[PDB]
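Undergrad: I have a structure here, written as structure tokens, and I will follow up with some questions on it.
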Amino acid sequence: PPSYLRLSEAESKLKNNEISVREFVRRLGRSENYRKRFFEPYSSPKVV
Amino acid sequence: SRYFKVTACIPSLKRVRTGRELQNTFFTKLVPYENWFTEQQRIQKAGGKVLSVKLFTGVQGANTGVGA
Amino acid sequence: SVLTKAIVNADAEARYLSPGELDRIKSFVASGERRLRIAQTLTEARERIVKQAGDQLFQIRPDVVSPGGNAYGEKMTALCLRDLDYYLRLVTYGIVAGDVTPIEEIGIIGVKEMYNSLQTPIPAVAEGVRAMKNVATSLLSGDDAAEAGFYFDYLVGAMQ
Amino acid sequence: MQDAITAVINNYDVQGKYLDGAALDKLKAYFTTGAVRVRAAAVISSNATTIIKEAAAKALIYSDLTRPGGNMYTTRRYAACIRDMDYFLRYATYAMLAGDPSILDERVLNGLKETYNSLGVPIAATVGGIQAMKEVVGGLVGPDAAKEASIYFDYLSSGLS
Amino acid sequence: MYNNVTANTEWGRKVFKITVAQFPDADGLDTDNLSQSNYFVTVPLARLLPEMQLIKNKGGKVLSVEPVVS
Amino acid sequence: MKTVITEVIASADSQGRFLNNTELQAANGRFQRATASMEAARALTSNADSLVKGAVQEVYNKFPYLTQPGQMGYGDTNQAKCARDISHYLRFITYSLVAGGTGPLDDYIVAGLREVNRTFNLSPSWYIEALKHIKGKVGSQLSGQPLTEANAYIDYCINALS
Amino acid sequence: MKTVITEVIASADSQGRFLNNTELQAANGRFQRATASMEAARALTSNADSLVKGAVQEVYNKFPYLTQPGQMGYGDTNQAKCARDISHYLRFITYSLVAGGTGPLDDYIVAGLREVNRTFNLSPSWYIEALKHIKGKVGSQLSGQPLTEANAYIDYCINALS
Amino acid sequence: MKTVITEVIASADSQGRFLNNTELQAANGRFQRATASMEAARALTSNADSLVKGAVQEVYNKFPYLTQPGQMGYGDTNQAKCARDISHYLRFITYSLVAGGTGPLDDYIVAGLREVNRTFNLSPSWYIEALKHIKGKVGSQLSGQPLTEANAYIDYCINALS
Amino acid sequence: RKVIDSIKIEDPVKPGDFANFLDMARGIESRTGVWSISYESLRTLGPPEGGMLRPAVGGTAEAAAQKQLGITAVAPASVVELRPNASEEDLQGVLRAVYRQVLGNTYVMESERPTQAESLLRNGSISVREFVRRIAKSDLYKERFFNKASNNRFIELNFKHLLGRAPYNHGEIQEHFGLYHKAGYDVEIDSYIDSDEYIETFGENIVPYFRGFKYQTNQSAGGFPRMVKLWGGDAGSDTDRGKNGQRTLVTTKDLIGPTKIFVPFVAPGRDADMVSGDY
Amino acid sequence: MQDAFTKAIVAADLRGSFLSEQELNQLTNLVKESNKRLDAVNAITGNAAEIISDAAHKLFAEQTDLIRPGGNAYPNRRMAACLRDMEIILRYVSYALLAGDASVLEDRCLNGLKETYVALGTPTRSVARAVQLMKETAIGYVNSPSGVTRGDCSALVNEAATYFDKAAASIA
Ligand SMILES: CCC1=C(C)/C(=C/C2=NC(=C\c3[nH]c(/C=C4\NC(=O)[C@H](C)[C@H]4CC)c(C)c3CCC(=O)O)/C(CCC(=O)O)=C2C)NC1=O
Ligand SMILES: CCC1=C(C)/C(=C/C2=NC(=C\c3[nH]c(/C=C4\NC(=O)[C@H](C)[C@H]4CC)c(C)c3CCC(=O)O)/C(CCC(=O)O)=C2C)NC1=O
Ligand SMILES: CCC1=C(C)/C(=C/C2=NC(=C\c3[nH]c(/C=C4\NC(=O)[C@H](C)[C@H]4CC)c(C)c3CCC(=O)O)/C(CCC(=O)O)=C2C)NC1=O
Ligand SMILES: CCC1=C(C)/C(=C/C2=NC(=C\c3[nH]c(/C=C4\NC(=O)[C@H](C)[C@H]4CC)c(C)c3CCC(=O)O)/C(CCC(=O)O)=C2C)NC1=O
Ligand SMILES: CCC1=C(C)/C(=C/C2=NC(=C\c3[nH]c(/C=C4\NC(=O)[C@H](C)[C@H]4CC)c(C)c3CCC(=O)O)/C(CCC(=O)O)=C2C)NC1=O
Ligand SMILES: CCC1=C(C)/C(=C/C2=NC(=C\c3[nH]c(/C=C4\NC(=O)[C@H](C)[C@H]4CC)c(C)c3CCC(=O)O)/C(CCC(=O)O)=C2C)NC1=O
Ligand SMILES: CCC1=C(C)/C(=C/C2=NC(=C\c3[nH]c(/C=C4\NC(=O)[C@H](C)[C@H]4CC)c(C)c3CCC(=O)O)/C(CCC(=O)O)=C2C)NC1=O
Ligand SMILES: CCC1=C(C)/C(=C/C2=NC(=C\c3[nH]c(/C=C4\NC(=O)[C@H](C)[C@H]4CC)c(C)c3CCC(=O)O)/C(CCC(=O)O)=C2C)NC1=O
Ligand SMILES: CCC1=C(C)/C(=C/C2=NC(=C\c3[nH]c(/C=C4\NC(=O)[C@H](C)[C@H]4CC)c(C)c3CCC(=O)O)/C(CCC(=O)O)=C2C)NC1=O
Ligand SMILES: CCC1=C(C)/C(=C/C2=NC(=C\c3[nH]c(/C=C4\NC(=O)[C@H](C)[C@H]4CC)c(C)c3CCC(=O)O)/C(CCC(=O)O)=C2C)NC1=O
Ligand SMILES: CCC1=C(C)/C(=C/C2=NC(=C\c3[nH]c(/C=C4\NC(=O)[C@H](C)[C@H]4CC)c(C)c3CCC(=O)O)/C(CCC(=O)O)=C2C)NC1=O
Ligand SMILES: CCC1=C(C)/C(=C/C2=NC(=C\c3[nH]c(/C=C4\NC(=O)[C@H](C)[C@H]4CC)c(C)c3CCC(=O)O)/C(CCC(=O)O)=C2C)NC1=O
Ligand SMILES: CCC1=C(C)/C(=C/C2=NC(=C\c3[nH]c(/C=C4\NC(=O)[C@H](C)[C@H]4CC)c(C)c3CCC(=O)O)/C(CCC(=O)O)=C2C)NC1=O
């Protein structure tokens with residue numbers, strides 16, 4: 001991403017081993033950057 | 001806004017996986033409070049060992065400012 | 001057991017056991033004394049079952065007790081029958097538990113890798129267990145011999 | 001986990017022993033109590049909600065615990081507490097069916113003491129919630145099953161203290 | 001002299017001298033470092049009965065008691 | 001010297017305490033049991049020597065090389081000192097029987113046993129075999145609680161030597 | 001908890017030693033003595049109710065002034081806590097009888113007695129007089145070795161309080 | 001593990017002290033002595049096979065009866081475990097030679113020796129006789145200070161067993 | 001001519017006169033084959049003969065469990081003792097071992113040295129036991145191990161310094177603190193030194209050494225891992241100058257183990273108001 | 001320390017009660033069987049050395065790895081420690097048997113023992129086995145002794161077994 005959405009503090013949390021890759025992925029799933037771009041425009045069935 | 005900071009050891013006991021896996025089984029991870037009840041059950045239903053837990057983030061008091 | 005397998009389903013859905021789950025525990029436990037008799041008979045004839053299994057095996061495939069064979073020699077043979085004694089034991093465990101949980105963790109998960117490493121023909125080995133079933137099936141009266149036979153055929157099934 | 005039938009097998013397997021007379025006697029001692037365990041589980045399961053309600057009423061609510069400053073103040077925490085209660089009841093029912101407490105260690109007690117210390121959850125108050133559910137259970141299940149159900153509630157409660 | 005500074009009470013101020021001769025008890029050979037069985041302890045008055053009790057308890061023989069402070 | 005009486009007194013003294021009902025009950029055991037003990041004692045006392053000559057010989061019969069020349073079961077002095085030694089053991093067994101405890105055995109034979117036997121090249125095996133034999137024959141001189149007592153102390157010596 | 005059995009085991013353990021004939025003789029005393037002890041125990045057990053009311057009253061009859069207002073034998077709570085306390089003593093006496101030693105008395109009543117009584121302004125004299133009375137009446141409930149046992153333990157409490 | 005080096009270091013440490021000329025002089029002894037020690041070690045090392053078979057046999061030749069049935073020099077397993085045991089001794093002798101002290105002998109054979117031998121009914125006499133024989137033959141494999149070293153350690157084992 | 005219940009009878013066709021399974025039971029015989037292999041010797045099976053000097057799998061090499069825990073210089077501890085008519089270096093070696101053991105590896109500065117006791121210990125007017133008692137009642141011991149800790153830490157530090165072993169049960173601690181409250185610290189220190197465990201082992205001239213790592217007679221088996229918790233390394237000490245000055249170890253949750261029954265079943269449930277009728 | 005009577009007393013006291021007629025007669029029965037109990041304890045004491053020795057011979061017969069270099073009963077020092085532990089456990093089992101209660105065994109011997117062995121690298125399964133062998137032989141002796149009056153000692157043989165089995169379970 002052109003230095004976009006990304007993960008300020010998210011990157012340090014994943015590296016540092018404060019957070020584990022599964023966890024980081026879960027954070028990424030529920031975020032504005034994600035809601036917009038994949039759930040912003042779709043009935044309830046293809047977004048699932 | 002409350003994050004526990006658990007630590008576990010889960011030992012694979014159904015498959016003898018063949019590559020890597022060190023960090024898969026002995027690891028420290030803050031997991032948010034909303035999900036920590038399930039993560040603990042999942043560690044326990046795999047014969048895992050929950051070595052440590054902490055509050056880490058939240059105050060250990062409550063009512064306002066907890067369930068955000 | 002049936003209990004271990006089933007309760008696990010209860011706890012995982014955060015609930016008490018179902019009428020169904022309770023019923024099967026009841027039917028299972030009613031079939032207890034018979035299963036215990038099947039294990040006793042076979043425990044009582046273990047040495048006969050193993051050796052006669054071992055003869056039946058080496059006829060059907062001798063090469064293993066020959067110059068370039070994995071079981072060639074007196075102490076390389078003392079180990080092959082010992083492995084046959086191991087699996088008969090696990091079969092008695094399985095029969096009294098009513099499923100394979102114990103049989104599986106103790107002697108199939110990791111095996112095939114285990115046998116393979118040592119370079120033993122896995123089908124050679126399943127003959128031998130299949131041969132043990134025959135000797136043993138014959139020291140039991142017709143009803144108990146079948147009940148025992150299911151556990152022998154399980155091991156034969158798993159090793160492949 | 002392990003149960004009475006399974007424990008007998010793994011306890012002997014590590015010694016490489018056939019099941020012998022002593023083993024066979026233990027397994028009989030389990031099978032002979034089996035039908036009674038099943039009936040008791042069906043009573044507990046079908047009265048689950050009433051047992052929690054009566055146990056909370058005798059040992060938790062109408063108190064400082066449910067008042068501001070108390071750990072089961074807020075609908076959130078009241079819900080979490082009786083949720084916990086249901087776990088205990090449900091797992092004790094598993095332990096009693098299995099005739100082995102090992103599941104109570106593997107899936108309930110491990111780390112729970114410190115989890116409760118970390119959140120501030122009152123341990124002594126939780127034990128009373130366990131021993132009140134036992135009291136109710138022992139009435140509902142009858143002479144046949146009372147002692148056998150009771151022990152796994154007692155296992156749970158000395159596991160926290 | 002003795003052990004020196006004692007307890008501050010007057011009943012701690014009086015130290016006495018005991019010459020003993022400990023005997024081999026029974027039951028066992030001592031192969032460790034042994035000492036010649038005579039010796040002497042200076043004990044304050046406040047302590048004295050435990051010390052004489054454990055001296056005569058281990059087969060000992062109290063040979064002399066002396067008033068060294070008082 | 002260890003007896004029921006000395007033991008309870010030792011335990012009282014060490015807590016600075018008068019004898020109480022616990023300690024007097026104990027003493028009654030020792031006194032109630034004197035009759036059986038002392039019957040064993042009288043029987044072992046009058047039927048005595050031959051036990052020594054029997055056991056001495058058996059040491060040579062079980063270790064033949066013993067009674068051969070250059071060996072430690074040869075010549076009057078070895079064979080004399082052997083009889084004497086078994087006699088010492090039987091003597092202390094009777095004392096332990098009469099005393100109500102192992103004291104006489106502990107103080108006069110057990111304390112120091114191995115050091116002595118090791119310096120003098122005396123094998124415990126002989127002494128165990130002397131005692132095993134004495135135990136065989138005492139089977140028909142006594143019975144009931146006198147035999148149990150005799151056995152208790154013979155076995156105590158055999159364990160001291162193993 | 002001090003019994004003949006625990007005492008001999010303690011003494012063995014502390015010398016790193018198996019139980020020997022000395023220690024088993026001791027144990028036989030405790031077992032031989034159980035019959036008399038346990039007869040005393042059963043008699044003291046069923047008469048407890050009245051033994052307690054008898055001794056409680058006797059404390060007031062010997063110390064008349066206790067029952068006047070402003071005093072410690074006045075009002076339901078003092079008189080209630082008194083009955084209870086004598087009942088505690090009789091209870092531990094029966095336990096000591098059954099146990100074969102003073103342990104129950106030592107651990108539950110003697111350890112700490114004076115400190116407690118001194119903080120709470122409880123005179124031992126009352127308790128001695130309660131026990132002296134209990135001793136008078138137990139003269140006709142028992143006889144022979146059961147009485148001697150009952151006496152042993154009652155007297156043990158009286159000495160603990162002097 | 002006791003060597004000249006460890007001993008002087010232990011003595012320094014326990015006084016909280018740097019190694020001084022006293023301790024370094026000591027170390028020079030151990031280093032100067034290594035040549036003779038290590039020659040003994042090499043000779044004992046390559047002859048091990050036969051030194052062991054020689055001593056094993058000599059145990060049977062000196063105690064003929066051991067090789068009869070029902071005895072402890074009979075059957076493959078006893079005779080196998082014997083060779084092994086003498087081999088253990090020679091092994092630790094070479095180690096003690098190489099190490100510059102008795103440490104290896106003290107830690108691996110002496111500590112516990114008698115308890116083990118006593119539980120397993122192993123007579124030291126055999127082992128002394130194995131070692132006396134090994135000492136006889138090592139008279140012609142070595143000479144001068146290598147022989148003195150070999151002797152020092154063989155004799156050390158014989159004294160450990162007496 | 002007797003009972004019905006011989007009804008256990010096999011029902012096959014019995015063998016004919018030369019079947020291959022009449023001489024079957026004699027066919028298992030006296031050769032070197034699959035029927036020659038002794039059955040009960042299957043468990044104790046080895047390599048291709050691997051004879052007797054193959055090392056064990058997972059070798060350990062004696063004094064490595066000591067090396068793993070780092071208790072090498074301490075298990076077993078060397079015995080230091082004042083011989084009669086000792087020289088100066090002997091007395092300095094004894095004094096150093098006393099200051100290492102009794103003061104728990106904490107350091108004394110040159111101003112803190114109890115000098116005028118040593119002029120006497122060099123005289124021989126006191127023994128090593130009396131000198132240990134005099135140190136343990138002085139302010140060097142009192143400031144470090146008593147003045148900033150609770151009674152549990154102080155009582156367990158007395159066992160480590162004076163007796164060299166760990167507390168055995170809760171009864172050892174509940175006996176000693178009762179003596180402390182009844183009779184003060186001076187009788188309390190004397191209770192360890194006048195005990196039977198001191199007089200039997202250390203006598204009158206032997207500096208106290210570590211005994212909690214080997215077996216001692218009349219020990220509880222919790223006494224070893226408690227001593228491992230108390231040990232804290234060779235370069236460790238019982239100093240207070242850290243961030244937690246003498247927090248407790250071997251907590252009375254160690255000394256009494258499992259619990260069984262009770263929680264106080266209290267009622268913060270509420271009761272009151274009264275109206276009457278209609279039901 | 002508890003014995004079987006002391007145990008009764010502690011449970012009674014926790015009720016605030018004089019001993020129940022139930023508990024009284026259970027203890028009257030223990031006194032009834034006490035001569036047999038003394039013979040049973042005496043059987044072990046009188047053969048302690050052989051019980052340990054025979055257990056030992058058999059343990060190393062089965063597990064020849066322990067007596068190889070690398071093994072936990074090698075060299076002499078370790079074998080002596082192992083022989084010593086066998087004695088210690090047999091000793092506390094005999095104490096429990098005189099007492100009619102396992103507590104001395106659990107409190108003075110078994111408490112912490114497993115964690116000690118793991119710290120040391122001592123194979124607990126081998127130690128458990130050595131305990132199983134001591135049990136076989138010890139009971140052998142309890143059942144077949146020198147001129148004891150003939151009767152039934154199975155109740156006591158069971159109870160002794162549970163003490164051996166407690167120790168085994170606790171350690172493995
Ligand atoms: C949202 C709140 C939050 C904070 C504040 C945060 C800090 C933080 N700083 C980090 C590293 C770092 N922080 C610095 C900071 C500095 N270097 C200097 O010399 C200066 C003194 C200072 C800047 C003024 C540096 C250089 C690293 C990299 C260390 C490395 O190379 O691993 C890391 C490790 C992961 C990573 O490298 O990103 C974290 C998590 N993380 C968070 O989640
Ligand atoms: C990529 C680097 C890496 C390594 C090295 C690694 C080791 C490793 N070994 C494991 C288990 C294990 N490791 C062993 C090993 C042995 N058993 C013995 O007795 C022998 C002494 C030894 C073989 C020589 C065994 C038996 C287990 C299973 C333990 C269990 O049953 O849970 C586990 C637990 C998860 C699993 O069971 O797979 C890990 C992660 N993991 C990694 O990611
Ligand atoms: C601030 C967040 C919060 C709330 C709201 C709360 C409610 C609450 N309501 C309760 C009982 C109750 N609440 C009611 C209420 C009603 N009965 C009816 O039929 C009506 C529908 C309703 C009145 C409008 C009744 C009747 C009980 C008694 C129920 C019982 O005792 O079984 C109790 C148990 C008694 C106690 O221990 O206090 C709690 C904790 N607790 C909290 O922490
Ligand atoms: C499957 C086995 C299992 C158990 C037993 C379990 C317990 C458990 N109880 C929790 C919290 C809690 N537990 C309670 C319990 C109580 N409050 C009281 O005052 C009473 C004394 C008591 C009820 C009787 C409360 C109030 C919380 C919420 C604490 C918070 O606000 O964070 C949490 C934190 C995560 C969450 O809030 O869900 C867990 C994991 N988790 C599990 O996985
Ligand atoms: C500094 C080095 C040192 C020496 C030299 C020493 C001698 C010494 N020998 C002693 C006893 C003894 N010494 C002997 C020696 C003998 N009995 C005889 O008949 C023979 C003539 C002689 C052997 C040749 C005996 C028998 C006793 C015990 C006396 C008794 O307790 O009755 C004792 C009394 C303490 C004890 O019994 O352990 C000491 C201190 N102690 C030491 O620490
Ligand atoms: C108070 C208790 C007590 C005991 C038990 C005792 C044993 C004892 N046996 C000894 C010698 C001896 N013991 C024997 C024993 C035997 N010779 C044989 O023919 C048989 C093989 C065997 C008898 C079974 C022999 C031959 C000697 C002489 C050893 C010597 O001086 O070379 C000696 C050396 C002093 C001496 O020469 O008399 C002692 C102290 N001493 C005691 O004071
Ligand atoms: C387990 C064994 C045990 C004993 C023996 C025991 C004695 C005992 N007696 C007490 C009080 C008492 N004891 C009495 C005794 C008496 N009052 C009278 O009318 C008579 C003069 C006399 C009976 C002879 C009284 C009046 C109190 C109340 C003292 C107070 O709190 O002011 C208390 C203080 C706690 C309380 O108030 O209950 C203890 C501990 N406690 C124990 O746990
Ligand atoms: C590291 C140093 C070390 C030594 C020295 C050692 C000695 C030793 N010898 C033993 C047995 C043995 N030792 C022998 C010795 C002999 N048999 C004969 O034919 C001869 C008479 C004699 C040789 C001179 C015998 C027969 C056994 C078997 C004893 C038994 O188990 O019954 C055992 C018992 C364990 C086992 O059975 O292997 C030990 C520990 N172990 C060690 O670890
Ligand atoms: C209870 C308090 C107490 C006193 C009073 C005491 C005196 C005392 N002075 C001593 C030595 C000494 N005292 C002196 C004193 C002197 N030399 C001279 O020429 C002068 C005349 C004089 C100084 C004014 C000397 C030189 C020695 C050493 C003697 C030697 O070792 O040769 C010693 C021998 C132990 C040692 O050297 O430390 C004692 C016990 N010790 C005590 O514990
Ligand atoms: C540093 C100064 C210091 C303190 C403060 C201290 C506390 C302390 N209290 C203890 C016991 C105790 N403390 C109490 C106190 C109470 N019981 C109750 O029910 C009440 C709520 C409370 C009185 C108000 C009791 C009953 C015990 C004995 C517990 C037992 O052994 O079962 C113990 C265990 C050792 C012993 O019993 O002597 C310690 C160390 N020790 C110290 O050295
Ligand atoms: C086994 C051999 C051994 C070692 C290595 C050892 C280390 C050690 N250093 C200590 C303290 C100390 N160590 C230092 C060292 C330093 N301060 C600094 O700022 C520098 C960075 C550094 C010097 C280079 C200081 C200042 C203390 C005192 C800390 C305090 O009390 O506040 C202490 C606490 C006890 C005491 O103060 O005496 C120990 C045990 N102790 C031992 O027995
Ligand atoms: C409370 C009573 C009590 C017990 C039970 C006890 C056990 C115990 N066993 C120990 C060692 C030991 N225990 C053994 C035992 C064995 N090795 C094997 O291979 C076999 C499987 C087994 C014999 C059956 C060995 C070999 C050691 C020494 C370990 C080492 O130092 O490497 C140690 C370490 C201290 C020492 O070596 O003396 C303790 C504390 N200590 C006690 O005070
Ligand atoms: C010195 C301590 C001491 C001991 C040891 C002791 C033993 C003792 N065992 C006895 C009985 C007995 N002992 C046994 C024991 C056994 N029966 C068997 O067949 C088994 C092999 C063995 C099992 C342990 C039996 C069956 C009786 C007879 C029944 C009875 O009196 O209870 C009797 C009653 C008298 C008799 O019938 O001989 C005594 C006094 N008394 C004591 O004061």
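Chain labels run A, B, ... following the order of the structure tokens; each chain numbers its residues from 1, and ligands are numbered from 1 in the order shown.
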Could you pull the residues within 8 Å of residue 133 (chain G), counting only C-alpha atoms, minus those fewer than 5 positions along the same chain, as a PyMOL selection string?
TA: chain G and resi 54-55+58
Undergrad: Could the residues of chain C within 8 Å of chain I, counting only C-alpha atoms, be given as a short mmCIF file (atom, residue, chain, number, x, y, z; two decimals) with C-alpha atoms, in the first residue's frame, please?
TA:
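Output saved as out19.cif:
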```
data_model
loop_
_atom_site.label_atom_id
_atom_site.label_comp_id
_atom_site.auth_asym_id
_atom_site.auth_seq_id
_atom_site.Cartn_x
_atom_site.Cartn_y
_atom_site.Cartn_z
CA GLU C 47 2.05 -66.03 24.46
CA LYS C 51 4.01 -67.10 18.58
CA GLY C 54 4.75 -65.25 14.24
CA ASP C 55 4.78 -68.63 12.49
CA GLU C 74 17.69 -64.43 17.25
CA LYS C 75 17.57 -60.95 18.82
CA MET C 76 16.29 -59.23 15.64
CA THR C 77 13.48 -61.80 15.87
CA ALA C 78 13.03 -61.25 19.67
CA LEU C 79 12.00 -57.76 18.73
CA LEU C 81 7.37 -60.76 18.15
CA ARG C 82 7.72 -58.23 20.97
#
```
Undergrad: With only C-alpha atoms as the counted atoms, please give the residues lying no more than 10 Å from region 89-92 of chain H, apart from itself and same-chain residues fewer than 2 positions off, as a PDB file with C-alpha atoms, in the first residue's frame.
TA:
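As a result, selection-v8.pdb now contains:
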```pdb
ATOM      1  CA  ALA H  41      48.329 -44.187  31.524  1.00  0.00           C
ATOM      2  CA  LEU H  44      47.684 -49.375  31.245  1.00  0.00           C
ATOM      3  CA  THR H  45      45.411 -48.212  28.383  1.00  0.00           C
ATOM      4  CA  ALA H  48      43.734 -53.036  29.410  1.00  0.00           C
ATOM      5  CA  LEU H  51      45.183 -56.857  32.437  1.00  0.00           C
ATOM      6  CA  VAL H  52      41.418 -57.321  32.889  1.00  0.00           C
ATOM      7  CA  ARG H  84      33.431 -55.088  33.490  1.00  0.00           C
ATOM      8  CA  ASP H  85      34.031 -54.108  37.094  1.00  0.00           C
ATOM      9  CA  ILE H  86      37.784 -54.629  36.998  1.00  0.00           C
ATOM     10  CA  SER H  87      37.722 -52.720  33.723  1.00  0.00           C
ATOM     11  CA  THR H  94      44.161 -44.269  34.076  1.00  0.00           C
ATOM     12  CA  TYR H  95      41.889 -41.272  34.663  1.00  0.00           C
ATOM     13  CA  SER H  96      43.456 -40.568  38.039  1.00  0.00           C
ATOM     14  CA  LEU H  97      46.904 -40.888  36.364  1.00  0.00           C
ATOM     15  CA  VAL H  98      45.962 -38.398  33.634  1.00  0.00           C
ATOM     16  CA  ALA H  99      44.108 -36.029  35.985  1.00  0.00           C
ATOM     17  CA  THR H 102      42.573 -39.322  43.096  1.00  0.00           C
ATOM     18  CA  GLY H 103      39.433 -37.382  42.142  1.00  0.00           C
ATOM     19  CA  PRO H 104      38.138 -39.796  39.507  1.00  0.00           C
ATOM     20  CA  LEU H 105      38.630 -42.696  41.886  1.00  0.00           C
ATOM     21  CA  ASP H 106      37.111 -40.812  44.824  1.00  0.00           C
ATOM     22  CA  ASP H 107      34.008 -39.641  42.890  1.00  0.00           C
ATOM     23  CA  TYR H 108      33.213 -42.673  40.736  1.00  0.00           C
ATOM     24  CA  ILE H 109      34.377 -45.721  42.736  1.00  0.00           C
ATOM     25  CA  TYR H 127      38.697 -56.897  44.118  1.00  0.00           C
ATOM     26  CA  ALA H 130      42.262 -58.529  41.139  1.00  0.00           C
ATOM     27  CA  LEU H 131      44.295 -55.424  41.928  1.00  0.00           C
ATOM     28  CA  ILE H 134      47.269 -56.202  38.143  1.00  0.00           C
ATOM     29  CA  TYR H 153      46.831 -45.529  42.402  1.00  0.00           C
ATOM     30  CA  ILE H 154      46.505 -49.328  42.508  1.00  0.00           C
ATOM     31  CA  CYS H 157      42.162 -48.681  45.510  1.00  0.00           C
TER      32      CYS H 157
END
```
Undergrad: Applying 8 Å and only C-alpha atoms, which residues near region 111-124 of chain H remain after dropping the ones on its own chain fewer than 3 positions away? List them as a PyMOL selection string.
TA: (chain F and resi 123+162) or (chain H and resi 106-108+127-128+161-162) or (chain J and resi 49+53+57+76-80+83)
Undergrad: Check which residues fall inside 7 Å of ligand 5 when counting only C-alpha atoms and all ligand atoms, and print them as a list in words.
TA: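 These are the residues that qualify: residues 23, 24, 29, 30, 33, 34, 35, 36 and 37 of chain E.
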Undergrad: Just the selected residues (C-alpha atoms), exported as a compact mmCIF listing (two decimals), in the first residue's frame, please.
TA:
```txt
# COMPACT_ATOMS: atom_id res chain seq x y z
CA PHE E 23 31.93 -39.35 76.75
CA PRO E 24 31.32 -41.38 73.60
CA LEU E 29 31.75 -44.73 65.49
CA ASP E 30 32.78 -41.13 65.05
CA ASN E 33 37.37 -34.66 63.46
CA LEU E 34 37.37 -35.48 67.15
CA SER E 35 38.52 -33.30 70.02
CA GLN E 36 39.98 -34.17 73.41
CA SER E 37 37.15 -34.62 75.83
```
Undergrad: Please report the interatomic distance between atom 18 (C, counted along the ligand's line) of ligand 12 and CA of residue 123 (chain J) in Å with one decimal.
TA: 6.5 Å
Undergrad: Could you list, as a count of residues only, all the residues within 7 Å of ligand 4, counting only C-alpha atoms and all ligand atoms?
TA: 31
Undergrad: Do you know which residues are within 7 Å of ligand 11 using only C-alpha atoms and all ligand atoms? Can you write them as a PDB file with C-alpha atoms, in the first residue's frame?
TA:
```pdb
ATOM      1  CA  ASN I 105      27.412 -14.041  51.503  1.00  0.00           C
ATOM      2  CA  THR I 106      26.709 -10.353  52.156  1.00  0.00           C
ATOM      3  CA  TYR I 107      29.867  -8.356  52.613  1.00  0.00           C
ATOM      4  CA  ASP I 234      26.994 -19.065  44.253  1.00  0.00           C
ATOM      5  CA  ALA I 235      27.341 -15.324  43.685  1.00  0.00           C
ATOM      6  CA  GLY I 236      24.002 -14.617  45.321  1.00  0.00           C
ATOM      7  CA  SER I 237      23.357 -13.296  48.807  1.00  0.00           C
ATOM      8  CA  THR I 239      21.156  -8.710  50.861  1.00  0.00           C
ATOM      9  CA  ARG I 241      19.883  -3.302  49.245  1.00  0.00           C
ATOM     10  CA  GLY I 242      17.898  -4.368  46.187  1.00  0.00           C
TER      11      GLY I 242
END
```
